[PDB]
Every structure is written in C-alpha cells, then in structure tokens.
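One structure below.
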2 protein chains.
Amino acid sequence: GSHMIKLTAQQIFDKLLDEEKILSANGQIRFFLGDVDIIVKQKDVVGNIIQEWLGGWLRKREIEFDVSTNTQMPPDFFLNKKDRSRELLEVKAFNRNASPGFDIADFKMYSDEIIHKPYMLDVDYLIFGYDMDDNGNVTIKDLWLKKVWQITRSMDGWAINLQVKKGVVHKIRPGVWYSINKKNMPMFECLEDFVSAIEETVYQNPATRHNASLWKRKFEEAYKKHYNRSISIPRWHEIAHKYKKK
Amino acid sequence: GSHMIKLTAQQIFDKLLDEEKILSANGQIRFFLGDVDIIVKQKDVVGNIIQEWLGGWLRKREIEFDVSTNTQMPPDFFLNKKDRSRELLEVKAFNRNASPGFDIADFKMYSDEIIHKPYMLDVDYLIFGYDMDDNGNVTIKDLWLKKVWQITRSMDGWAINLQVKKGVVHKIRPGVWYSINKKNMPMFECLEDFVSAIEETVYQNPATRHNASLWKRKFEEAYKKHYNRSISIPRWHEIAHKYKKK
Ligand SMILES: [K+]
Ligand SMILES: [K+]
Ligand code: NA
Ligand code: NA
C-alpha cells in the first residue's frame with residue numbers, strides 16, 4: 001500500500017549520489033501533444049524545474065515532507081512534518097558552465113528572519129550543477145549539500161557579498177565555493193563569521209541601519225532560546241582580514 | 001526509406017483538424033531525469049513550444065519545408081523550398097482564456113518589409129488557441145488559418161492597432177477576430193484596407209514619417225512586379241469610418 005520513511009538531508013544527498021546515480025544519469029524536457037513529441041531546449045526552464053523534480057523524486061520514494069508556501073525565503077522542503085524548525089531543505093540549481101546564478105535571499109528580509117528564526121541558518125542547500133548540450137540532453141555534472149555560510153563570502157565595499165544597484169542593497173549573492181583556484185576572497189569558515197558579516201552589513205546598509213544597534217544581542221538571545229546554547233558572534237572588524245584582500 | 005510530400009498551409013490546417021484530431025487531442029510538458037518524470041506547469045513556455053512542435057509534426061510526416069533564420073519577421077516556415085516568396089507559414093499561440101498576447105511585427109520593420117517583399121502580406125497564420133488546466137494537461141481549444149489583415153484592426157488614435165508607449169510606436173498588435181460580439185472596431189475586410197492603414201500609420205508615426213511621401217506609389221509598383229497585377233490602395237480617410245467608432 002504505502003510505507004512512508006522519514007529521511008534527513010544527508011541521507012537524501014547520499015541516496016541521490018549512490019542509489020539514483022545522479023552524476024551519470026541522463027534527462028530531458030519533452031512536450032507531448034497528439035501523437036508527436038519533441039525535445040524542449042529552453043535553457044532557463046531547467047533551473048526552475050529541478051526543484052519540482054526533487055519533489056517528484058521524494059514523493060515517488062514515499063519520503064515524508066511538507067512544501068514551503070513562501071518562495072522568497074528558505075526552505076523549500078520541510079523533511080520533518082512534526083518539527084518545522086529542523087531538517088530544512090533548500091534546492092538550488094545553476095548551469096555549471098557559468099558561475100552560480102541563484103540568489104540566497106533578500107538581505108532586509110533575511111537579516112530580520114534570522115533573529116526571529118535562527119534555525120534558518122542550519123538549512124541545508126542541495127545544489128544541482130546542471131548542463132544541457134545542443135541536442136537537449138540534461139545532465140547533473142555536480143551535486144552539493146552545503147550550509148548558507150559555506151556558499152557565501154565577503155565582497156569589495158560590503159561585509160557580505162550582495163547585489164547592490166545604485167547604492168541600494170537587494171539580495172545576498174553566493175560565491176564560487178567549488179573552485180580549486182584560491183582567491184583572496186574565500187567562503188566563510190564557520191556560521192559565526194557569516195553571522196558577523198550579516199551583523200555589520202545591517203549597519204552598512206542605510207535601509208537596515210535603524211535596527212543595527214540591538215542586532216547582536218537580539219540574535220544571541222534568540223540563538224540561545226532555540227538551541228539552548230550560547231553563541232559568540234565575533235566583531236566583523238577583527239575577522240574581516242580573513243575574507244577581504246587588505 | 002523516405003517519401004517526402006509538398007503541402008500547402010490549407011492542407012496542413014485541414015490535416016491537423018481532421019487527421020491529427022487536434023481539437024480533441026491531449027498533451028503535456030514533461031521533465032525526465034534518472035528514473036523520475038514529472039509534469040511541468042509553467043504556462044508561458046507552452047506558446048513558445050507549439051511552434052517547435054509543429055516543426056516536429058511536419059518533420060515526422062516527411063513534409064517538405066525550410067525554417068526562418070529571423071525571429072523578428074514573418075514567416076516561420078517556408079512550405080515551398082524552391083519558391084521562398086510563396087507558401088509562407090507563421091505559427092502563433094495564445095492562451096485561449098485571455099485575449100491574443102502575440103505580436104504581428106515591429107511596425108517600422110514591417111512597413112519597410114512589405115515594400116521590398118509585398119508577398120509577405122499573403123503569409124498564412126496558423127494560430128493555436130491553447131489552454132492548460134491545474135493538472136498541467138494542455139489542449140488546443142481552437143485552431144485558425146488566417147491572413148494578417150484578418151487578425152488586425154484599427155485603434156483609437158492610430159490607423160492600425162499598435163503598441164504605443166509614451167508616444168513611441170512599437171509592434172503591430174492583433175485584434176480579437178474570433179469574438180461573435182460585434183464591436184465598433186472590426187477586423188480589416190480585405191488586404192487593400194489593411195495596407196491603407198499601414199500607409200497612413202507610416203505618416204502618423206513620427207519615426208517612419210520620412211518615407212511616407214512616396215510610400216503608396218512605391219508599394220503599388222512593388223506589388224505589380226511580384227504579382228504581375230496592379231493593386232489599388234484606397235485613401236485611409238475614405239475607408240476609416242468602417243473601422244473606427246466616429
Ligand atoms: K530563496
Ligand atoms: K513575428
Ligand atoms: Na520558502
Ligand atoms: Na521569421
């Protein structure tokens with residue numbers, strides 16, 4: 001009939017890698033109508049549909065989950081139906097030939113979110129590095145399971161890597177975590193440093209400066225409630241050198 | 001092996017209607033990867049892919065054609081490989097629940113094109129009125145084969161229905177030819193009236209006014225060369241009443 005198992009993000013990662021054999025797998029978008037079917041070669045559609053496909057893959061393996069009603073904020077899937085603060089999964093996809101084109105989240109929303117819901121910082125990002133050839137055959141060249149702090153970095157002029165347009169801050173932007181090329185700007189080494197960057201960015205950004213004063217304390221108390229454990233966020237000025245050039 | 005037939009636009013229209021049974025047919029976009037396949041419910045992708053599907057349908061029925069290298073101008077298919085001025089096919093698709101969302105062509109380009117290539121006015125438009133339900137099943141609710149003059153009309157403030165933004169003319173826009181509701185603005189009754197609208201629109205539009213003086217003569221001579229037959233384009237002022245309100 002129906003025997004539904006509960007899985008974690010690491011089990012899903014490992015299952016796709018070993019059991020599905022995702023790295024060697026082949027796939028393609030296809031449109032059927034009447035008695036004719038054709039390949040579909042629209043390249044931008046692949047990234048939006050991998051998330052839907054994992055949905056179908058989970059649902060076909062009887063794996064237990066809920067879906068997120070908010071597209072703007074993480075997560076995409078709740079892997080624990082009874083605990084919606086833990087076992088949280090975000091699916092991301094980008095064309096592997098170029099740098100990662102996905103966004104993490106609007107900075108203003110995310111800086112507020114992680115005070116109210118610090119457990120969002122422990123969301124797992126299942127990232128598909130996909131590729132589509134000229135014939136339309138889609139393949140997953142790379143697959144990753146990473147934390148938000150593992151896929152972001154600092155930038156020039158701001159504490160965290162941002163999308164800034166005409167001096168106005170928008171979305172937190174990912175770095176190139178996978179490159180063996182050792183740049184002057186590496187990814188954040190730990191959660192505390194990422195959060196330290198967020199803290200300072202709150203003050204740097206004129207839009208979010210109004211709630212910069214209390215931010216550190218408010219976050220550390222909120223982390224304590226939800227995790228029953230203190231966390232020490234270093235000052236950005238002390239740790240900035242690890243992530244900048246000079 | 002391969003027995004390839006030559007068809008005309010009306011034969012293709014009738015074949016789809018009776019032999020394919022397009023009106024009662026069912027279809028859907030679908031993404032395969034590994035061993036999981038899912039429905040794809042992105043609604044904007046359907047319109048772009050019907051054109052590709054007809055390509056596949058022609059190619060699977062051994063039907064002879066060439067494809068157009070220019071997306072901005074008609075046609076999409078050349079149904080006569082030896083005569084690329086005749087048997088020209090444009091495929092259009094719109095969601096049947098709303099009014100037609102497709103464009104005919106940029107007006108500046110099209111006003112110049114029909115002097116150099118008057119045979120473009122005899123292009124056949126195979127128009128798919130499609131629909132996608134909540135489950136993702138695509139159906140062709142209506143199918144039409146029409147001329148450009150049968151799917152356009154006048155508007156308020158210009159001789160032909162246009163997309164105007166801040167007093168700047170862009171694309172020729174289709175009317176609602178299919179509606180049994182008899183509006184004050186009907187579609188053009190014949191080719192000559194459509195062309196009369198184009199002629200006047202050339203002068204009305206400040207961008208194309210520089211070549212408005214000679215336009216009528218230049219067009220009528222060009223029509224004569226290509227068709228070996230004179231054509232009389234009426235003055236727009238005389239016929240405007242048929243297409244306006246007052
Ligand atoms: K997001
Ligand atoms: K066109
Ligand atoms: Na979400
Ligand atoms: Na074309």
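Naming scheme: A, B, ... for chains in displayed order of the structure tokens; residues 1 onward per chain; ligands 1 onward as shown.
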
Inset, instruction - Could you please extract the residues within 6 Å of ligand 4, counting only C-alpha atoms and all ligand atoms, and hand them back as number ranges by chain? - result: B: 68, 70-76

Inset, instruction - Using only C-alpha atoms, determine which residues of chain A fall within 7 Å of chain B; present them as number ranges by chain. - result: A: 20, 22, 25-34, 36, 38, 53, 56-57

Grab me every residue within 12 Å of ligand 2, counting only C-alpha atoms and all ligand atoms, and send it over as an mmCIF file with N, CA and C atoms, in the first residue's frame.
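Dumped everything to selection26.cif:
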data_model
loop_
_atom_site.group_PDB
_atom_site.id
_atom_site.type_symbol
_atom_site.label_atom_id
_atom_site.label_comp_id
_atom_site.auth_asym_id
_atom_site.auth_seq_id
_atom_site.Cartn_x
_atom_site.Cartn_y
_atom_site.Cartn_z
ATOM 1 N N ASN B 48 5.648 29.291 -26.742
ATOM 2 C CA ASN B 48 6.940 29.220 -27.448
ATOM 3 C C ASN B 48 7.231 27.842 -28.046
ATOM 4 N N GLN B 51 5.120 26.181 -31.686
ATOM 5 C CA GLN B 51 5.855 26.396 -32.936
ATOM 6 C C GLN B 51 6.889 25.285 -33.184
ATOM 7 N N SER B 68 12.892 29.625 -40.832
ATOM 8 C CA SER B 68 13.313 31.011 -40.915
ATOM 9 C C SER B 68 14.419 31.301 -39.911
ATOM 10 N N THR B 69 15.450 32.000 -40.373
ATOM 11 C CA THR B 69 16.586 32.385 -39.535
ATOM 12 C C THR B 69 16.357 33.708 -38.774
ATOM 13 N N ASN B 70 15.250 34.398 -39.066
ATOM 14 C CA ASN B 70 14.909 35.685 -38.462
ATOM 15 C C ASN B 70 13.656 35.507 -37.600
ATOM 16 N N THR B 71 13.790 35.628 -36.281
ATOM 17 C CA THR B 71 12.635 35.521 -35.371
ATOM 18 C C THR B 71 11.733 36.767 -35.364
ATOM 19 N N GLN B 72 12.293 37.927 -35.716
ATOM 20 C CA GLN B 72 11.573 39.210 -35.643
ATOM 21 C C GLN B 72 10.545 39.450 -36.757
ATOM 22 N N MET B 73 10.714 38.783 -37.899
ATOM 23 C CA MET B 73 9.877 38.998 -39.085
ATOM 24 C C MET B 73 9.195 37.696 -39.493
ATOM 25 N N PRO B 74 8.008 37.762 -40.137
ATOM 26 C CA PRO B 74 7.474 36.522 -40.719
ATOM 27 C C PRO B 74 8.277 36.075 -41.956
ATOM 28 N N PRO B 75 8.172 34.789 -42.350
ATOM 29 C CA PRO B 75 7.401 33.690 -41.773
ATOM 30 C C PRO B 75 8.241 32.849 -40.806
ATOM 31 N N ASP B 76 7.666 31.760 -40.306
ATOM 32 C CA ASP B 76 8.399 30.775 -39.508
ATOM 33 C C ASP B 76 8.847 29.610 -40.383
ATOM 34 N N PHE B 77 7.956 29.146 -41.259
ATOM 35 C CA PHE B 77 8.255 28.057 -42.186
ATOM 36 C C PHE B 77 8.039 28.464 -43.639
ATOM 37 N N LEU B 89 4.393 30.266 -43.990
ATOM 38 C CA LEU B 89 3.616 29.927 -42.794
ATOM 39 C C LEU B 89 4.201 30.567 -41.531
ATOM 40 N N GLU B 90 3.358 31.294 -40.795
ATOM 41 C CA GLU B 90 3.685 31.823 -39.465
ATOM 42 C C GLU B 90 2.836 31.063 -38.443
ATOM 43 N N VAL B 91 3.478 30.540 -37.397
ATOM 44 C CA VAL B 91 2.773 29.883 -36.293
ATOM 45 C C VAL B 91 2.662 30.843 -35.116
ATOM 46 N N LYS B 92 1.447 30.955 -34.575
ATOM 47 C CA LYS B 92 1.153 31.786 -33.408
ATOM 48 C C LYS B 92 0.373 30.985 -32.374
ATOM 49 N N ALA B 93 0.613 31.296 -31.103
ATOM 50 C CA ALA B 93 -0.070 30.634 -29.999
ATOM 51 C C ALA B 93 -0.399 31.635 -28.901
ATOM 52 N N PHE B 102 0.170 37.539 -28.611
ATOM 53 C CA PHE B 102 1.254 37.577 -29.603
ATOM 54 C C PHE B 102 1.297 38.910 -30.342
ATOM 55 N N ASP B 103 2.452 39.191 -30.935
ATOM 56 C CA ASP B 103 2.661 40.375 -31.761
ATOM 57 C C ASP B 103 2.729 39.962 -33.230
ATOM 58 N N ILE B 104 2.351 40.870 -34.122
ATOM 59 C CA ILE B 104 2.480 40.633 -35.556
ATOM 60 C C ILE B 104 3.939 40.892 -35.940
ATOM 61 N N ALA B 105 4.390 42.131 -35.753
ATOM 62 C CA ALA B 105 5.762 42.537 -36.081
ATOM 63 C C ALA B 105 6.004 43.984 -35.665
ATOM 64 N N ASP B 106 7.271 44.353 -35.475
ATOM 65 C CA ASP B 106 7.642 45.758 -35.290
ATOM 66 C C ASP B 106 7.110 46.540 -36.482
ATOM 67 N N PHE B 107 6.420 47.650 -36.228
ATOM 68 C CA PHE B 107 5.822 48.431 -37.311
ATOM 69 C C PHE B 107 6.861 49.024 -38.270
ATOM 70 N N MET B 109 9.874 48.010 -39.048
ATOM 71 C CA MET B 109 10.413 46.931 -39.875
ATOM 72 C C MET B 109 9.409 46.441 -40.916
ATOM 73 N N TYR B 110 8.151 46.301 -40.503
ATOM 74 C CA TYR B 110 7.088 45.741 -41.350
ATOM 75 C C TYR B 110 6.641 46.680 -42.455
ATOM 76 N N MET B 120 4.946 39.062 -48.478
ATOM 77 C CA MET B 120 4.755 38.852 -47.036
ATOM 78 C C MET B 120 3.314 39.082 -46.562
ATOM 79 N N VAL B 123 1.246 35.850 -46.274
ATOM 80 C CA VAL B 123 1.649 34.818 -45.306
ATOM 81 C C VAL B 123 0.410 34.290 -44.587
ATOM 82 N N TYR B 125 -1.243 32.569 -41.291
ATOM 83 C CA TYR B 125 -1.030 32.490 -39.847
ATOM 84 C C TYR B 125 -1.809 31.308 -39.285
ATOM 85 N N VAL B 148 -2.861 38.147 -42.300
ATOM 86 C CA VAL B 148 -2.525 39.250 -41.373
ATOM 87 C C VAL B 148 -3.641 40.299 -41.266
ATOM 88 N N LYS B 171 5.131 47.621 -31.785
ATOM 89 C CA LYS B 171 4.671 46.467 -32.556
ATOM 90 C C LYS B 171 3.229 46.588 -33.016
ATOM 91 N N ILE B 172 2.951 46.027 -34.186
ATOM 92 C CA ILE B 172 1.586 45.880 -34.663
ATOM 93 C C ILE B 172 0.961 44.807 -33.781
ATOM 94 N N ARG B 173 -0.254 45.074 -33.316
ATOM 95 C CA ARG B 173 -0.931 44.224 -32.348
ATOM 96 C C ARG B 173 -2.200 43.650 -32.971
ATOM 97 N N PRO B 174 -2.487 42.369 -32.688
ATOM 98 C CA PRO B 174 -3.677 41.739 -33.246
ATOM 99 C C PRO B 174 -4.949 42.171 -32.537
#

Who sits within 10 Å of residue 231 in chain A, only C-alpha atoms, same chain under 5 positions skipped, as a compact mmCIF listing (two decimals) with N, CA and C atoms, in the first residue's frame:
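Saved as around-v9.txt:
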# COMPACT_ATOMS: atom_id res chain seq x y z
N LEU A 191 29.73 29.35 10.74
CA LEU A 191 28.48 30.08 10.95
C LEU A 191 28.68 31.44 11.63
N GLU A 192 29.53 31.48 12.66
CA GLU A 192 29.71 32.71 13.46
C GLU A 192 30.22 33.87 12.60
N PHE A 219 20.11 38.76 18.46
CA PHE A 219 20.40 37.49 17.79
C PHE A 219 20.92 36.43 18.76
N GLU A 220 21.87 36.81 19.62
CA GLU A 220 22.49 35.86 20.55
C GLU A 220 21.50 35.29 21.58
N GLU A 221 20.56 36.12 22.02
CA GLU A 221 19.46 35.67 22.89
C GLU A 221 18.51 34.73 22.17
N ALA A 222 18.18 35.07 20.93
CA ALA A 222 17.33 34.23 20.09
C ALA A 222 17.98 32.90 19.76
N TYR A 223 19.29 32.90 19.50
CA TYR A 223 20.01 31.64 19.27
C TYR A 223 19.97 30.77 20.53
N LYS A 224 20.11 31.42 21.69
CA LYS A 224 20.08 30.72 22.97
C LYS A 224 18.74 30.04 23.23

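When only C-alpha atoms are used to compute distances to residue 141 in chain A, the closest of the residues A:17, A:181, A:160, A:154 turns out to be A:17.
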
Inset, instruction - Write out as an MDAnalysis selection string all residues of range 42-223 of chain A that DSSP puts in alpha helix (DSSP H) for this structure's backbone. - result: chainID A and resid 44:60 107:116 191:204 215:223

Print the selection's residues with C-alpha atoms to a file, as an mmCIF file, in the first residue's frame.
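File written: again_31.cif
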data_model
loop_
_atom_site.group_PDB
_atom_site.id
_atom_site.type_symbol
_atom_site.label_atom_id
_atom_site.label_comp_id
_atom_site.auth_asym_id
_atom_site.auth_seq_id
_atom_site.Cartn_x
_atom_site.Cartn_y
_atom_site.Cartn_z
ATOM 1 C CA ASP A 44 16.384 28.832 -18.278
ATOM 2 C CA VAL A 45 13.479 26.381 -17.573
ATOM 3 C CA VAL A 46 15.869 23.651 -16.274
ATOM 4 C CA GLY A 47 16.820 25.503 -13.047
ATOM 5 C CA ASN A 48 13.179 26.147 -12.047
ATOM 6 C CA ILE A 49 12.164 22.523 -12.725
ATOM 7 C CA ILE A 50 14.935 20.624 -10.836
ATOM 8 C CA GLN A 51 13.247 21.742 -7.590
ATOM 9 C CA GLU A 52 9.915 20.333 -8.868
ATOM 10 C CA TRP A 53 11.665 17.098 -9.917
ATOM 11 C CA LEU A 54 13.153 16.501 -6.461
ATOM 12 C CA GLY A 55 9.573 16.989 -5.231
ATOM 13 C CA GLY A 56 8.501 14.165 -7.554
ATOM 14 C CA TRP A 57 11.511 12.019 -6.557
ATOM 15 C CA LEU A 58 10.735 12.374 -2.848
ATOM 16 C CA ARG A 59 7.021 11.709 -3.470
ATOM 17 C CA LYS A 60 7.782 8.576 -5.564
ATOM 18 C CA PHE A 107 19.072 40.868 2.655
ATOM 19 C CA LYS A 108 16.493 43.004 4.509
ATOM 20 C CA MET A 109 14.151 40.023 4.884
ATOM 21 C CA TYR A 110 16.970 37.620 5.847
ATOM 22 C CA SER A 111 18.568 39.871 8.478
ATOM 23 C CA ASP A 112 15.136 40.084 10.217
ATOM 24 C CA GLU A 113 14.311 36.403 9.644
ATOM 25 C CA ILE A 114 17.423 35.023 11.402
ATOM 26 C CA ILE A 115 16.632 36.954 14.615
ATOM 27 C CA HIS A 116 13.063 35.586 14.754
ATOM 28 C CA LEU A 191 28.478 30.084 10.950
ATOM 29 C CA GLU A 192 29.708 32.705 13.456
ATOM 30 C CA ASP A 193 31.725 34.575 10.794
ATOM 31 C CA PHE A 194 28.797 34.549 8.316
ATOM 32 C CA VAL A 195 26.532 35.979 11.033
ATOM 33 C CA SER A 196 29.223 38.557 11.926
ATOM 34 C CA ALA A 197 29.163 39.653 8.275
ATOM 35 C CA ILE A 198 25.337 39.883 8.371
ATOM 36 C CA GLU A 199 25.510 41.946 11.590
ATOM 37 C CA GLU A 200 27.873 44.515 10.085
ATOM 38 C CA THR A 201 26.054 44.567 6.730
ATOM 39 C CA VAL A 202 22.912 45.560 8.681
ATOM 40 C CA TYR A 203 24.726 48.736 9.824
ATOM 41 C CA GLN A 204 26.481 49.334 6.465
ATOM 42 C CA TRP A 215 21.114 43.302 16.430
ATOM 43 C CA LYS A 216 23.993 41.332 18.053
ATOM 44 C CA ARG A 217 22.333 40.952 21.472
ATOM 45 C CA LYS A 218 18.884 40.232 19.976
ATOM 46 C CA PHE A 219 20.402 37.495 17.789
ATOM 47 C CA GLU A 220 22.494 35.858 20.550
ATOM 48 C CA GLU A 221 19.462 35.673 22.894
ATOM 49 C CA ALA A 222 17.327 34.234 20.092
ATOM 50 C CA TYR A 223 20.006 31.641 19.269
#

Inset, instruction - Report as a ChimeraX atom specification: the residues of range 82-246 of chain A with a DSSP assignment of strand (DSSP E or B), based on the backbone of this structure. - result: /A:88-95,105-106,124-132,138-147,153,162-165,168-172,187

Please save C-alpha atoms of the selected residues as a PDB file, in the first residue's frame.
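What follows is the written file again_16.pdb:
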ATOM      1  CA  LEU A  88      15.034  22.052   6.461  1.00  0.00           C
ATOM      2  CA  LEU A  89      15.976  21.691   2.764  1.00  0.00           C
ATOM      3  CA  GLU A  90      16.551  24.373   0.088  1.00  0.00           C
ATOM      4  CA  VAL A  91      17.026  23.205  -3.527  1.00  0.00           C
ATOM      5  CA  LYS A  92      19.211  25.314  -5.840  1.00  0.00           C
ATOM      6  CA  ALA A  93      20.207  24.855  -9.479  1.00  0.00           C
ATOM      7  CA  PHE A  94      22.634  26.629 -11.804  1.00  0.00           C
ATOM      8  CA  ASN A  95      24.171  25.975 -15.218  1.00  0.00           C
ATOM      9  CA  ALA A 105      17.582  35.750  -0.145  1.00  0.00           C
ATOM     10  CA  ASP A 106      16.676  39.447   0.050  1.00  0.00           C
ATOM     11  CA  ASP A 124      20.769  22.504   4.079  1.00  0.00           C
ATOM     12  CA  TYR A 125      21.253  23.607   0.456  1.00  0.00           C
ATOM     13  CA  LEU A 126      21.030  20.750  -2.059  1.00  0.00           C
ATOM     14  CA  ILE A 127      22.700  22.355  -5.090  1.00  0.00           C
ATOM     15  CA  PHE A 128      22.469  20.870  -8.622  1.00  0.00           C
ATOM     16  CA  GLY A 129      25.225  21.976 -11.029  1.00  0.00           C
ATOM     17  CA  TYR A 130      23.429  21.092 -14.287  1.00  0.00           C
ATOM     18  CA  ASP A 131      24.341  21.155 -18.002  1.00  0.00           C
ATOM     19  CA  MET A 132      22.305  20.992 -21.241  1.00  0.00           C
ATOM     20  CA  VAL A 138      20.263  17.460 -19.397  1.00  0.00           C
ATOM     21  CA  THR A 139      22.929  16.050 -17.050  1.00  0.00           C
ATOM     22  CA  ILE A 140      23.856  16.789 -13.417  1.00  0.00           C
ATOM     23  CA  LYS A 141      27.610  17.476 -13.618  1.00  0.00           C
ATOM     24  CA  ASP A 142      27.934  18.227  -9.875  1.00  0.00           C
ATOM     25  CA  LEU A 143      25.843  17.857  -6.706  1.00  0.00           C
ATOM     26  CA  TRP A 144      26.478  19.533  -3.333  1.00  0.00           C
ATOM     27  CA  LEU A 145      24.987  19.628   0.160  1.00  0.00           C
ATOM     28  CA  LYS A 146      26.132  22.841   1.862  1.00  0.00           C
ATOM     29  CA  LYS A 147      25.181  25.351   4.581  1.00  0.00           C
ATOM     30  CA  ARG A 153      31.657  35.247   1.080  1.00  0.00           C
ATOM     31  CA  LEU A 162      25.487  41.467  -2.163  1.00  0.00           C
ATOM     32  CA  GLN A 163      23.607  42.567  -5.240  1.00  0.00           C
ATOM     33  CA  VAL A 164      23.800  46.365  -4.979  1.00  0.00           C
ATOM     34  CA  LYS A 165      22.232  48.628  -7.627  1.00  0.00           C
ATOM     35  CA  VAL A 168      20.670  50.223  -2.824  1.00  0.00           C
ATOM     36  CA  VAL A 169      21.092  46.717  -1.370  1.00  0.00           C
ATOM     37  CA  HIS A 170      18.993  43.782  -2.632  1.00  0.00           C
ATOM     38  CA  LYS A 171      19.832  40.047  -2.497  1.00  0.00           C
ATOM     39  CA  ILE A 172      22.559  38.093  -0.753  1.00  0.00           C
ATOM     40  CA  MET A 187      33.871  31.399   1.607  1.00  0.00           C
TER      41      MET A 187
END

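Among the candidates B:79, B:240, B:212, B:5, the residue lying nearest to residue 184 in chain B is B:240 (atoms considered: only C-alpha atoms).
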
Inset, instruction - Please provide the set of residues having any atom within 10 Å of residue 8 in chain B, restricted to only C-alpha atoms, with same-chain residues fewer than 2 positions apart removed, written as a ChimeraX atom specification. - result: /B:6,10-13,63-64,78-80,86-89,124

Next, dump the selected residues to file, keeping only C-alpha atoms, as an mmCIF file, in the first residue's frame.
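The result, written out as part_35.cif:
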data_model
loop_
_atom_site.group_PDB
_atom_site.id
_atom_site.type_symbol
_atom_site.label_atom_id
_atom_site.label_comp_id
_atom_site.auth_asym_id
_atom_site.auth_seq_id
_atom_site.Cartn_x
_atom_site.Cartn_y
_atom_site.Cartn_z
ATOM 1 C CA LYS B 6 4.926 19.010 -50.528
ATOM 2 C CA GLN B 10 -4.598 24.955 -46.025
ATOM 3 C CA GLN B 11 -3.705 21.246 -46.388
ATOM 4 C CA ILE B 12 -1.699 21.450 -43.118
ATOM 5 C CA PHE B 13 -4.621 23.241 -41.412
ATOM 6 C CA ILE B 63 6.565 17.211 -45.117
ATOM 7 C CA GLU B 64 8.934 19.457 -47.019
ATOM 8 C CA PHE B 78 8.770 28.069 -45.953
ATOM 9 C CA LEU B 79 6.455 25.305 -47.278
ATOM 10 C CA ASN B 80 7.959 25.539 -50.812
ATOM 11 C CA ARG B 86 5.052 31.807 -51.749
ATOM 12 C CA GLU B 87 3.517 29.195 -49.423
ATOM 13 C CA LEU B 88 4.762 31.019 -46.283
ATOM 14 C CA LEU B 89 3.616 29.927 -42.794
ATOM 15 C CA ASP B 124 -0.724 32.335 -43.649
#

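Across the model, the gap from CA of residue 119 in chain B to CA of residue 65 in chain B is 17.7 Å.
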
Inset, instruction - Please indicate the distance in Å from CA of residue 178 in chain B to CA of residue 98 in chain B, rounded to one decimal place. - result: 12.1 Å

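Computed from the coordinates, the CA of residue 4 in chain B to CA of residue 83 in chain B distance equals 16.8 Å.
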
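Closest approach to ligand 3 among A:67, A:205, A:238, A:100: A:67, based on only C-alpha atoms and all ligand atoms.
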